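So the sequence lines, in the order shown, correspond to chains S and Z.
Those letters in the first sequence? Residues 443 to 1177, per this note's numbering, in order.
Those letters in the second sequence? Residues 443 to 1177, per this note's numbering, in order.
Beta carbons: idealized from backbone N, C-alpha and C, even for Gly.
The block underneath contains the structure these notes are about, expressed in structure tokens.
Number of protein chains: 2
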Amino acid sequence: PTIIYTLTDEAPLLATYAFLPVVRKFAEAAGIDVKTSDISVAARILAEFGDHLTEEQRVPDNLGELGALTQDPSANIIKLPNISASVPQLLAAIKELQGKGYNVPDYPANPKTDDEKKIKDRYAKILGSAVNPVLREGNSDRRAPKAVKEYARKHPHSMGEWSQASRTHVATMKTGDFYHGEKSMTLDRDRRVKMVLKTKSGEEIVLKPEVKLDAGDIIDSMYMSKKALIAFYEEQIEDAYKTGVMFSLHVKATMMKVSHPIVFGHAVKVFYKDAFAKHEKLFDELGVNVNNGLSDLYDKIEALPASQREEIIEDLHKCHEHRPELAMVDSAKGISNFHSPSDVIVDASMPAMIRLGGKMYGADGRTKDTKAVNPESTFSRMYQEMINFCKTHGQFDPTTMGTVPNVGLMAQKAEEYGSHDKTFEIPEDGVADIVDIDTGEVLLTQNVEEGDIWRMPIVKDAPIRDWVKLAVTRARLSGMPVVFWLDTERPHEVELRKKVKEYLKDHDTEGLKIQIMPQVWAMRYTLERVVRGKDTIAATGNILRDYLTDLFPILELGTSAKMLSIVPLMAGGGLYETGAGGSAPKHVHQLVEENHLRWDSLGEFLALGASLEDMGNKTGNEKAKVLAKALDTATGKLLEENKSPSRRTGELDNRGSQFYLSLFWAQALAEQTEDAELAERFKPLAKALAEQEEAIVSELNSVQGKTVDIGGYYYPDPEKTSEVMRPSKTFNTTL
Amino acid sequence: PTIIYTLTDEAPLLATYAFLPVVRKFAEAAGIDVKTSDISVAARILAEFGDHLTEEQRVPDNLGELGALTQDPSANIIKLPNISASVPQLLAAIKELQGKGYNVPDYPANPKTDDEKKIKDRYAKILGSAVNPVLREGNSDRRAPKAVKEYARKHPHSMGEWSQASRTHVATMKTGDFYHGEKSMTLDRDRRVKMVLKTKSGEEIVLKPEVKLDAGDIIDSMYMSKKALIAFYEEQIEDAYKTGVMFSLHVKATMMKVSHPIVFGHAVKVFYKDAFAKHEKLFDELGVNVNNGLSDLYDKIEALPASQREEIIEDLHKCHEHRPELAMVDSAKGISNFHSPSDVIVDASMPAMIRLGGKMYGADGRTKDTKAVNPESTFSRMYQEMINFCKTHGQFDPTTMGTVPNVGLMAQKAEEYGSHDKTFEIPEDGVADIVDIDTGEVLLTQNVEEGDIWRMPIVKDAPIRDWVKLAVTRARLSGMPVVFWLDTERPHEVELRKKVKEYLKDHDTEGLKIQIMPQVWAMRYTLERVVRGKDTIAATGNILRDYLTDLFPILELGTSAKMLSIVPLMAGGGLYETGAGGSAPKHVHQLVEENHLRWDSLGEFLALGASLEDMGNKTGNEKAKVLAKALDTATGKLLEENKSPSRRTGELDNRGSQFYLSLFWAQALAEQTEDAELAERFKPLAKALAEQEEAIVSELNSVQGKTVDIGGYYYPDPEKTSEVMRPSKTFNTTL
Ligand SMILES: [Mn+2]
Ligand SMILES: [Mn+2]
């Protein structure tokens, strides 16, 4: 009977320092041990580079440990939001660890000696989205809990009005992209395959030497034509200019770490083609990679002599005169859409733009309409339908609209999420085949060109079965109809359709509305329903799982940070994500400088409830059920009494809201009558907490408004942090 | 990017000489290379007997090459009607080749030495239905093209009227045949079995050493009783006589090379019982085998002294006075039903009889009502339902009736089509068991007699799956319902029924009308529907596929020569049979003697349209689909314009009709509007052919009416033959 709580980075971790003690006190009453696990960026640096560390300094491979635990039918993991480290974040975490006596190697951006290549490659394991692929050995059940939905209706968030005369739209490719050249197939038997490029010269380049494929795996051979991509950009940049609408670009270079920077990069290239021509030679040897955005260019020209660097920036701002207006990320500082690929992230930016009435920010500071460019059509057409719907129906009404929960196929690096190590920028014109080693059979041929992006996504049979099961499970349990978003004109989704059609019959689907529709149809059908106050489950692939679980919750609730993210693992256990957003760097900024943490721990409370409830069902622990339901009613009272953390310094913060939760949790257990022992167990505690309420609250608020010492950033001192995060001694002694 | 076009025998080959140049000129305009494959009777003898040939004389095994090519997903084979060599045909081919300096052995019918036995067996690989078993690695989709049916409505073919007092009927067995003694089962595991006869003496004769069987395969143990068959024969011959109705016998001796001649043989023997008893000893040692018809007896008595020969034939003619009139193949030359087993072929003779109003020819040369004897009741009683139907409803009206396409299970030597090498005339009374060699398990027991025909036909699981999938596909694409003609009382058809019941669930059958009925019922249901202009798909086994795709097309169209015969190959490719009939040797005799080939190449145009149709789907070729649709209208225009070959010499022939088709095809591409490049590409060629119409046709017609030289028959000279098949000056120069 063990719950694994994850120690992560920044704000969620700080909240954990105050919350971990109070969850431990409640969980022990059911015989559950709350065991910690450190997956912070620092702990992952240490675990990898234990080469020059003492025994006491060494840490286990906590990620690999948790990854292994997912195979255990009793796994119970609570995953808090964590950093997906960029280079600057990695460097800062390294530098802090070094200064604290941990002998870890520097990260060499450009490895001089060959020994530096090995440790740079070892750091590549730490960079980016590294935690999610390992923990996701199940499929996604993401939905807004009834109590949160009810709260959104009573307290509606602001939403920009949609004008019928709005000019904003999604711009996307009609040919030469992944979708319009896709070939797909379901595997007959186990095979081992290689990815080879037979050039026009006659040479055979092996891009990927070997990949093990199981029976029933779906594989795709999709590519994007570089020539088409640029001609598309030429066209759209021109169109946006001619029509006078603001140009914007929405990709996900954060997670799609290979393909999307190439997509991002090309936009910048063709947009500023006049400047990139004047300085081509200079840019080349400077090693400028604008795939990393303009920020890369600006870095590599900053060291240059003043008269030369100023000439460069002048050729860039001069290029704007024949160009369309650009969407800005920070219009005061002059930071635009093209500055960094990690600024405008498709899953978050598109909802934000729709939420605002189809608006993004201009160079003048004004909001205006935008051509929201999403080059890859596969998953972007669905956004356009909503824009169209809104244009005729107006902005959604949070007080009356329905819900769109999601059942997402993600398990075992599903589809595009596990295709990173299998994506390649093509070196020269040739034919790209995936060939079987045993029997030289080309499984899928594809004619590619120089620059083209080629990848082979993989989705295993077993995950698909669980995914369909979860769809029917959610349908039965909620009474909501469910729609599978599967295109008829996309090979990959016709392959999935064959499977869904079959595996549905393996389940009892007698009293359920379950159908299959292509993306755009499904979106329309879903929109036609939400607007009439009706609910619909979206059973979707991996990338759509990501998009829709940001999109709809932003519209329904105002945020994607207030919802359940349950991962039923295929081996029997459950993983429970508390948040889908970042670890809130700015929240830590406010905590260290003026002792106020505005992090909302609601997602943690909800996940813990879903953790404790599933503990009751799987093991038979009836005392877990009672704690879960009491936390369920404790969380609900937290919302209705309006005691979520304030953003203003000096008011009720994260620590303060943790008190009120634990109070209500204690009260809920004291005044219930389905377990006699637990009732009288919490009775004195509940009586205690309530009695010195405006004494504990008085302490937690008085200590605010000053600089505080946690002893670091990426590795804060457990002793100092705990003092700060538990500053109420009245509260602490009560347990 | 290739289409394999088969070079065959006789008339289709001659047509191909005129056609291959013009199909290549069109197919290169889409990036498709057309390569030939010689599978003629000559090429198949040379391929087998390369021992005595020089290196330059040696030809590749093209038939085996094509057999391997079916396993390739890119396969695209246009198969044309070839010769299924009879002995006299094989002899003539051997002589022709030997005469051309090809050292090939004589075929030894009665091998003296043991070295002669060797090469007779090597020739037995060439004899009979040799191509089809190897090429048919998929199931049959045989149907009338929409453009052909519509021509038959506007121009009906002559049909003989059905009197309600018509005496004609199918006579067939009620016990003792394969049907009423049949045992059948599905295999659970992989095993290897043997065919053994446990005799009365205690001895066990091994009839078949070893045969590998897969899991999920349907196997049958069927036997026809010698005593029951001759009792049947003696009853029906007596019946036909008593009633005064003309006797006729319908079998498939050509393909059923083992069982049917024994069946044919017993008919003749009991019919001529008086002669065969008087001359028993003489006929014994003369070696006369009536399994090969009366012609065999006529050969083996021709050399005998005039007095004795005239005694034998008078005893045969004397036997005719107490027997019924026999049906005549050619009454002028005195050739009857009994002359040769390969003269009256069931699948064509029965439709010919029914189309004629239930009439066949007699001694005087007039049409007469007949007793159409089909000894085996498994697939014959299906004919009797149509006869009855016609007796009450009169003849079919082709101007109003519906279509009956066929989806035929045939893949991988399925059912009775693969039973030849496993069919045995029983040597002595005993039990006939099929036994697993590993373990001693007796799978199917049966009790047989001296002279019985025992066989074990097999059909594999994967072919069945493709068959069912093809039915659903055809239903979905056309809209018309499909009926599985499967009996309840035939064990083989219940094993099939079980699989058809299961494998229909693995498919989307939503808006589709799919049902299983017994043969007799299904026929009646089909007939009741078509008579009021409604369409029905017949999903049937192997023999029924053959029978029905001659029967209805004969009635709907007047001929089974003009129709699509597509074979979706299981590996993903496609085979397109241009004709189910023969190679028409009489057409060749007319061409050599008078320079006029009356061969109809319409089946070749349709199979090419279908070949280009599938080409675009699998690979992605856009220009290929344009060619298919332009051909589909060019073929139609040819029918409408009435420019098909005449049969009278000195008029429009195969060469002429090929011109108009290429003219209509270029013109069809001259005015299309979806590939602007192809429109202007064929624009000069279409204008040239339309400008030279009366010049080209003047040439092709003036060369007729003369004896011409093609340098042989079974192996024609490519130079001389191309000189004959392309005699047009201005037509050729415009390519
Ligand atoms: Mn997201
Ligand atoms: Mn036939």
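Using a CB distance below 8 angstroms, the part of the region 938-950 of chain Z facing chain S consists of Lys947, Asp948, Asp950, ordered along the chain. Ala1128 of chain S and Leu1080 of chain S have their C-alpha atoms roughly 15 angstroms apart. Judged by beta-carbon spacing, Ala964 of chain S lies beyond the 8 angstroms limit of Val901 of chain S, meaning their Cβ atoms are not closer than that value. Looking at the DSSP output, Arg634 of chain Z bridges to Z:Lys654. In the structure shown, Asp950 of chain Z falls within a coil segment according to DSSP collapsed to helix, strand and coil.
Between the alpha carbons of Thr991 of chain S and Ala1121 of chain Z lies a gap of roughly 50 angstroms. Within its own chain, the residues whose Cβ lies closer than 7 angstroms to the Cβ of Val962 of chain S, once the five positions on either side in sequence are excluded, are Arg823, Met824, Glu827, listed in chain order. Note that the C-beta distance between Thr978 of chain S and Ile829 of chain S is not below 8 angstroms.
About 7 angstroms separates the beta carbon of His934 of chain S from that of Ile660 of chain S, a gap short enough to meet the 8 angstroms contact definition. Taking each of S:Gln540, S:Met1057, S:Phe689, S:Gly1062 in turn and checking the Cα distance to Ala1070 of chain S, the smallest one comes out for S:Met1057. As a beta-bridge residue in DSSP terms, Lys477 of chain S pairs with S:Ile446. Per DSSP, the beta-bridge partners of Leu768 of chain S are S:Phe689.
With respect to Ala853 of chain S, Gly580 of chain S sits close: the two C-beta atoms are nearer than 8 angstroms. Spatial neighbours of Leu495 of chain Z in its own chain (CB-CB distance under 7 angstroms, excluding positions within 5 residues in sequence) are listed in chain order as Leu488, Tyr544, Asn545. Taking all protein chains in view, the Cβ of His721 of chain Z is crowded by 16 or more other Cβ atoms within 10 Å, so the residue is classified as buried.
One Cα belongs to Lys542 of chain Z, the other to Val638 of chain Z, and the distance between them is close to 47 angstroms.
At a threshold of 7 angstroms, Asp583 of chain Z does not count as near ligand 2, since its beta carbon sits no closer than that to any of the ligand's heavy atoms. DSSP places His611 of chain Z in no alpha helix (DSSP H) but in the uninterrupted beta strand (DSSP E) bounded by 611-613. The beta carbon of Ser791 of chain S sits closer than 6 angstroms to the beta carbons of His692 from its chain, once the five residues preceding and following it are set aside; these are given in chain order.
Placement of the Cβ of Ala980 of chain S at a distance of 7 angstroms or more from every heavy atom of ligand 1 is found. Proximity of the beta carbon of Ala1022 of chain Z to ligand 2 is indicated: a heavy atom of the ligand is located closer than 7 angstroms. Taking the C-beta atoms as reference points, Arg932 of chain S is found no nearer than 8 angstroms to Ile958 of chain S.
When distances are taken from the beta-carbon of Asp785 of chain S to the heavy atoms of ligand 1, even the shortest one reaches 7 angstroms or more.
Nearest in C-alpha terms to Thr1075 of chain S, of all of S:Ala695, S:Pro530, S:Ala589, is S:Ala589.
In the structure shown, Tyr593 of chain S falls within a helical segment according to DSSP collapsed to helix, strand and coil. In this structure, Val1034 of chain Z keeps its C-beta atom at 8 angstroms or more from the C-beta atom of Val914 of chain Z. Cβ atoms of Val1009 of chain Z and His835 of chain Z stay farther apart than 8 angstroms, at about 34 angstroms.
Between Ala586 of chain Z and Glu1046 of chain Z a beta carbon distance of about 16 angstroms is seen, past the 8 angstroms cut, so the two are scored as non-contacting.
When S:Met698, S:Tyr675, S:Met922, S:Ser819 are compared, the shortest CA-CA separation from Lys855 of chain S is found for S:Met698. A contact between stretches requires three or more CB pairs, one per stretch, nearer than 8 angstroms, and the region 463-471 of chain Z fails this requirement with the region 507-517 of chain Z. Rounded to whole angstroms, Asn1063 of chain S and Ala1118 of chain S show a C-alpha spacing of 15 angstroms. With contacts defined as CB atoms closer than 8 angstroms, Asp988 of chain S and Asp789 of chain S qualify as a contacting pair. Two segments are said to touch when three or more pairs of C-beta atoms, one from each, lie closer than 8 angstroms; by this definition the region 906-920 of chain S does not touch the region 641-650 of chain S. In the three-state reduction of the DSSP assignment, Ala980 of chain Z falls in the strand class. Taking 7 angstroms as the cut-off, the C-beta of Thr991 of chain Z counts as close to a heavy atom of ligand 2. When the beta-carbon positions are compared, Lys813 of chain Z and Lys801 of chain Z stay at least 8 angstroms from each other.
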